[PDB]
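Peer 1: Before we start, here is the structure in question, set down as structure tokens.
When we count neighbours, we look across all protein chains shown, and the Cβ atoms used for this are built from the backbone with ideal geometry, even at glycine. Numbers and lists here come from the model and the stated rules, or from a named source; these are not laboratory values.
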Amino acid sequence: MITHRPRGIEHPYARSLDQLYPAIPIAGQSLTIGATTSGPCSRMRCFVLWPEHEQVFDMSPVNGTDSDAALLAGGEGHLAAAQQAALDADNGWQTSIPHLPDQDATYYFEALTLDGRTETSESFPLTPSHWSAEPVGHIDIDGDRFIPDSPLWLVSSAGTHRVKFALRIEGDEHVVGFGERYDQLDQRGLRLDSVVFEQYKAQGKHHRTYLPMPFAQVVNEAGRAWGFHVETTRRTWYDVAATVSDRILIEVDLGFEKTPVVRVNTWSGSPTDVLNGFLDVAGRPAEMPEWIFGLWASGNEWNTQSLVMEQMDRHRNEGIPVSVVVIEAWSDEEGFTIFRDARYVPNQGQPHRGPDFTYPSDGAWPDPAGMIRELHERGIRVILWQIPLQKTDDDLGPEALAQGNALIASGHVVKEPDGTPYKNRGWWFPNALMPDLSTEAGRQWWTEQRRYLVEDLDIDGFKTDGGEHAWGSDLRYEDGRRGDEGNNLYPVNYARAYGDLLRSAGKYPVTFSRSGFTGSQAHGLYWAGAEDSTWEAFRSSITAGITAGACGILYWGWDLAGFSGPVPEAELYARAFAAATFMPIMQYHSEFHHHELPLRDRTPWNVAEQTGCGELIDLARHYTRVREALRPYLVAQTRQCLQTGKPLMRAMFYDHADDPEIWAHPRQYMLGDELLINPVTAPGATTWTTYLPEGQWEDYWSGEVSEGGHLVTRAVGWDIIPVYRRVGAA
Ligand SMILES: OC[C@H]1O[C@@H]2OC[C@H]3O[C@H](O[C@@H]4[C@@H](O)[C@@H](OC[C@H]5O[C@H](O[C@H]([C@H]2O)[C@@H]1O)[C@H](O)[C@@H](O)[C@@H]5O)O[C@H](CO)[C@H]4O)[C@H](O)[C@@H](O)[C@@H]3O
């Protein structure tokens, strides 16, 4: 059996073994053609039927190490899985056509098996595309930066697939946006794209993101700005004056129509005007309760009531208060709906209520309602982890199988082109069902299964993890969208669904997510995702928060000092904990590690113990005291942010764009209007230099006044992070 799928698995940055590459073939350029077999073959040929010539290509076996198998298993971050996947990718054949003729054709494959059988594939269309300057569609765009004769349309006999066009950029202009970015604040000089993807660690090195947007601000060195938003949830690409030094080249997927209309919203004025313009279209941050601004405690290996409470007691006994505990390993690890070890009756996959459950005294959670009641009594809110997938593994218990069947039977699942349920193509929870959160009925069906957690157990919010799982431009959603538009939108609908649940139960919409797109602004809180415990990851995380803030993602946090691998070195923890104190959401977290030694918790005491630096507990006391003192400031500035549209974690160009020097210090940022923050991001530093912009500035720790428009240098013991306050009028 020969398998060929023209578009492949549709991982956004990788090719499967069985596809055309490029997936939309282009006349004049090379075309690589791949196929796989279900049993070993000695030979495969590709027959390509042009009208004037039939041609036969002898294909050659693909070495899996040279395929994208490693990337399809999640990349370098999942090294063991990636390596074995490369070895396993051993049934692929490949040929390539160096300069593809501009003529339509059909093609098929023929193989000879080792036992001597000939096998033949179905026939496939080949309709090559070319770039045309004819006005095949219309770009609808105002302003004076559009280049009128730049549009080119990628057309084939089957239709129009992509468009590219250019915008003028001037010599002094800087480009900030495209959502959360991990590499640099100023995107000028780079090529990038906007597509929701899970890059598991090293997001900066790979130049990818969980939370893109097809939007950016362009700011000159006189203080003036303009901005553009491509009004699409399809993929877009940007060459931000990398190839042509005074041109932003934009490329837009037109998706799975004859004369398309591409709308580009534009704004100009101050930097704050431009961002407000975008938020009036995209959505605005929501009002949140004050308790989001205390310390959040988290750790994946806190998987019993006793383990969570032990840590909460430890926080009290050390004088390091927490406002929020995130519990990730709470459920049966099958349905993410029921606490581990809970006993109950089967009910055909219907929504449970609290009285359905009995909790054994020797089980993982002997009284989770008592835990939540008691935590609330101590001033601590409780957040439970979630994923927008339903596992279908053959080893699942009766309840998880019933839940999945009920999901399917409801209709509220994302579907393949052929109407059957989408089976997750990713490396995380492979083959799982994916609920359709694209309509109200779909969102309610999924969230109703969880309602009792809010109404009966009284939890305060959800860590709405994942959301990047939909691959396939021709998937089907109940709102009428296909995958080409729906897949990037998915994380927005997902956070929205859980916000709606919380709100309908008398709570605030506290969802905590990693992925998003245009519209995510209006749905909860966000964290920077998964990273190692390195200095490079610290610097990249600061850039993530500032750039996220520059696209309206206001309630941003990160896993301070990294969550993955060995605990951070003591100095990184110290510098990162200090930095996190001056960011919108302050949170520590640690990855699953099979409950093995050494303990991986990012608690101040575990890190102190393993690094031999007892002083880290004292430092955490100190900075958490500072955090508490900062709470009315964060509340008041958050209010002003909702009114003005300025970020809370705020790039310097929002208040001082007329100062060209700000761009040489892209990891300094304002926290609200009054405080200038400069994290210490190198090991061994005993002094640290900060560029103060125009005005008078007061040292947060010493009271020392400094004149602005200058660099200043500050001694930086671990009990100090450079923070300067504006000196206002009398
Ligand atoms: O890149 C995919 C994925 O890799 C890691 O998870 C793989 C792991 O998933 C399942 O077990 C999970 C367990 O890992 C843990 O996940 C919570 C974790 O999710 C994200 O990180 C994961 C990796 O851990 C990543 O997306 C997120 O970034 C991070 O902040 C979170 O801590 O806990 C849940 C709940 O207990 C558990 O289901 C799966 O069972 C396992 O086989 C697989 O190896």
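Peer 1: So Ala522 clears everything in (1) within 16 Å of the ligand (Cβ to nearest atom); (2) over 20 Å from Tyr200 (Cβ atoms); (3) among the small types (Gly, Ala, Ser) except one condition, right? Which one?
Peer 2: All conditions pass for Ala522, except number (1).
Peer 1: Same structure again: Which ones in the stretch 299-326 are near the ligand (Cβ under 9 Å from one of its atoms) and more than 17 Å from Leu560 (Cα to Cα)?
Peer 2: Answer for the stretch 299-326, where residues must be near the ligand (Cβ under 9 Å from one of its atoms) and more than 17 Å from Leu560 (Cα to Cα): just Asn303.
Peer 1: Still on this structure, please answer the following. Regarding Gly562, is this residue of a type outside the set (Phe, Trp, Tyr), within 16 Å of the ligand (Cβ to nearest atom), in a loop (DSSP other than H, G, I, E, B) and closer than 21 Å to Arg181 by Cα? Break it down stepwise before answering.
Peer 2: Values: of a type outside the set (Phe, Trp, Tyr): yes; within 16 Å of the ligand (Cβ to nearest atom): yes; in a loop (DSSP other than H, G, I, E, B): yes; closer than 21 Å to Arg181 by Cα: yes.
Yes, satisfied.
Peer 1: Which condition number does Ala528 fail, the rest of (1) within 14 Å of the ligand (Cβ to nearest atom); (2) farther than 27 Å from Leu619 by Cα being met?
Peer 2: Going through the list (1) within 14 Å of the ligand (Cβ to nearest atom); (2) farther than 27 Å from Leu619 by Cα, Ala528 breaks only (2).
Peer 1: Restricting to helices (runs of 4 or more DSSP H) lying wholly in the stretch 607-715: which have 1 or more residues that are assigned by CATH to the domain that holds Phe582 and surrounded by fewer than 16 Cβ atoms within 10 Å (Cβ to Cβ)? Outline the logic, then answer.
Peer 2: Numbers: elements: 615-629, 631-644, 653-656.
Counting at least 1 such residues, we get 615-629, 631-644.
Peer 1: Ok, one more. Just checking: which of the helices (runs of 4 or more DSSP H) contained wholly in the stretch 352-458 hold 2 or more residues that are within 16 Å of the ligand (Cβ to nearest atom)?
Peer 2: Working: elements: 368-377, 398-409, 440-448, 451-455.
Output list reads 398-409.
Peer 1: For the stretch 253-298, which residues satisfy the criterion of being within 16 Å of the ligand (Cβ to nearest atom) and small (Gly, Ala, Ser)? Write out each step before concluding.
Peer 2: Initially, the stretch 253-298 is screened for residues within 16 Å of the ligand (Cβ to nearest atom), giving 296-298.
Residues satisfying the conditions are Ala297, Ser298.
Peer 1: Condition test on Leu475, is it crowded, with 22+ Cβ neighbours inside 10 Å and not aromatic (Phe, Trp, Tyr)? Before you say what the answer is, go through the steps one by one.
Peer 2: Values: crowded, with 22+ Cβ neighbours inside 10 Å: yes; not aromatic (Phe, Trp, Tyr): yes.
Here the answer is yes, as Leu475 does meet what is asked.
Peer 1: Name every residue in the stretch 31-47 that is over 17 Å from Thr106 (Cα atoms) and among the hydroxyl-bearing types (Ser, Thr, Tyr), in order of residue number.
Peer 2: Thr36, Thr37, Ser38, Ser42
Peer 1: A further question on this structure: Restricting to the stretch 48-81, name every residue that is part of a strand (DSSP E or B) and surrounded by 17 or more Cβ atoms within 10 Å (Cβ to Cβ).
Peer 2: Result: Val48, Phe57.
Peer 1: Identify, by number, the condition in (1) assigned to a loop (DSSP other than H, G, I, E, B); (2) surrounded by 17 or more Cβ atoms within 10 Å (Cβ to Cβ); (3) in contact with a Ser or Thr (Cβ under 9 Å, 6 or more places away or on another chain) that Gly39 doesn't meet.
Peer 2: Just one mismatch for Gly39, condition (2).
Peer 1: Confirm whether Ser515 is in the same structural domain as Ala544 (by CATH), polar (S, T, N, Q) and over 17 Å from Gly179 (Cα atoms). Before you say what the answer is, go through the steps one by one.
Peer 2: Values: in the same structural domain as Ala544 (by CATH): yes; polar (S, T, N, Q): yes; over 17 Å from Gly179 (Cα atoms): no.
No: the conditions fail for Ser515.
Peer 1: What is the one condition in (1) surrounded by 14 or more Cβ atoms within 10 Å (Cβ to Cβ); (2) on the phi > 0 side of the Ramachandran plot; (3) not aromatic (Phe, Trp, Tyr) that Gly28 does not satisfy?
Peer 2: Answer for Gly28: the failing condition is (1).
Peer 1: Based on what the data block shows, is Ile24 under 27 Å from the mean Cα position of the chain (by Cα), β-branched (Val, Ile, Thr) and more than 16 Å from the ligand (Cβ to nearest atom)?
Peer 2: Details: under 27 Å from the mean Cα position of the chain (by Cα): yes; β-branched (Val, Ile, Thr): yes; more than 16 Å from the ligand (Cβ to nearest atom): yes.
Judged against the criteria, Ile24 is a match.
Peer 1: Out of (1) of a type in the set (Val, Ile, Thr); (2) touching a helix residue (DSSP H, G or I) at 6+ places or on another chain (Cβ under 7 Å); (3) over 22 Å from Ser533 (Cα atoms), the odd one out for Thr681 is which?
Peer 2: It is condition (3) that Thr681 fails.
Peer 1: I'd like to know if the stretch 233-252 contains one or more residues that are acidic (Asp, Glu), outside any strand (DSSP E or B) and surrounded by fewer than 18 Cβ atoms within 10 Å (Cβ to Cβ).
Peer 2: So the first thing to find is which residues in the stretch 233-252 are acidic (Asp, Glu), and the list is 239, 246, 251.
Next cut, outside any strand (DSSP E or B) only: 246.
Next, from what is left, pick out any that are surrounded by fewer than 18 Cβ atoms within 10 Å (Cβ to Cβ): 246.
The answer is yes; a qualifying residue exists.
Peer 1: Being under 35 Å from the mean Cα position of the chain (by Cα) and more than 16 Å from the ligand (Cβ to nearest atom) is the filter; apply it to the stretch 333-351 and report the residue that is nearest to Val454 (Cα to Cα).
Peer 2: Looking at the filtered set, the residue picked out is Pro351.
Peer 1: Return the residues of the stretch 517-535 that are in a loop (DSSP other than H, G, I, E, B) and not charged (D, E, K, R); say none if nothing qualifies. Quick ask: steps written out before the conclusion?
Peer 2: Within the stretch 517-535, the subset in a loop (DSSP other than H, G, I, E, B) is 517-519, 523-524, 528-531, 533-534.
Selection gives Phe517, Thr518, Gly519, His523, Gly524, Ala528, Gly529, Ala530, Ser533, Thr534.
Peer 1: Also, quick follow-up: Say whether the condition of being in the same structural domain as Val413 (by CATH), surrounded by fewer than 23 Cβ atoms within 10 Å (Cβ to Cβ), on the phi > 0 side of the Ramachandran plot and touching a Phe, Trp or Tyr at 6+ places or on another chain (Cβ under 9 Å) is met by at least one residue in the stretch 485-495.
Peer 2: no
Peer 1: Filter the stretch 340-351 for residues that are touching a strand residue (DSSP E or B) at 6+ places or on another chain (Cβ under 8 Å) and in a loop (DSSP other than H, G, I, E, B); which is nearest to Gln305 (Cα to Cα)? Walk me through how you get there before you give the answer.
Peer 2: Of all residues in the stretch 340-351, those touching a strand residue (DSSP E or B) at 6+ places or on another chain (Cβ under 8 Å) come to 340, 342-344.
Adding the requirement that they be in a loop (DSSP other than H, G, I, E, B) leaves 340, 342, 344.
Working: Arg340: 10, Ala342: 13, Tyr344: 19 Å.
Filtering first and then ranking leaves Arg340.
Peer 1: If you go through the stretch 532-576, how many residues are more than 18 Å from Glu301 (Cα to Cα) and either within 17 Å of the chain's Cα centre (by Cα) or buried (at least 24 other Cβ atoms within 10 Å of the Cβ) (or both)?
Peer 2: Kept after step one, since they are more than 18 Å from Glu301 (Cα to Cα), are these residues of the stretch 532-576: 534-558, 569-576.
This time we only want the ones that are either within 17 Å of the chain's Cα centre (by Cα) or buried (at least 24 other Cβ atoms within 10 Å of the Cβ) (or both), so: 537-538, 540-558, 573-576.
Counting residues in the stretch 532-576 that are more than 18 Å from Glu301 (Cα to Cα) and either within 17 Å of the chain's Cα centre (by Cα) or buried (at least 24 other Cβ atoms within 10 Å of the Cβ) (or both) gives 25.
Peer 1: Continuing with the same structure: Taking the stretch 292-337 as the region of interest, how many residues are part of a loop (DSSP other than H, G, I, E, B) and among the β-branched types (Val, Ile, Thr)?
Peer 2: Initial filter on the stretch 292-337 (part of a loop (DSSP other than H, G, I, E, B)): 294-295, 299-304, 318-323, 328-330, 332-337.
Now drop any that are not among the β-branched types (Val, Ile, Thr), which leaves 304, 320, 322, 337.
Total meeting the criteria: 4.
Peer 1: Determine which single condition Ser96 fails, assuming it passes every other condition in (1) over 25 Å from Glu251 (Cβ atoms); (2) touching a strand residue (DSSP E or B) at 6+ places or on another chain (Cβ under 9 Å); (3) surrounded by 15 or more Cβ atoms within 10 Å (Cβ to Cβ).
Peer 2: (1)
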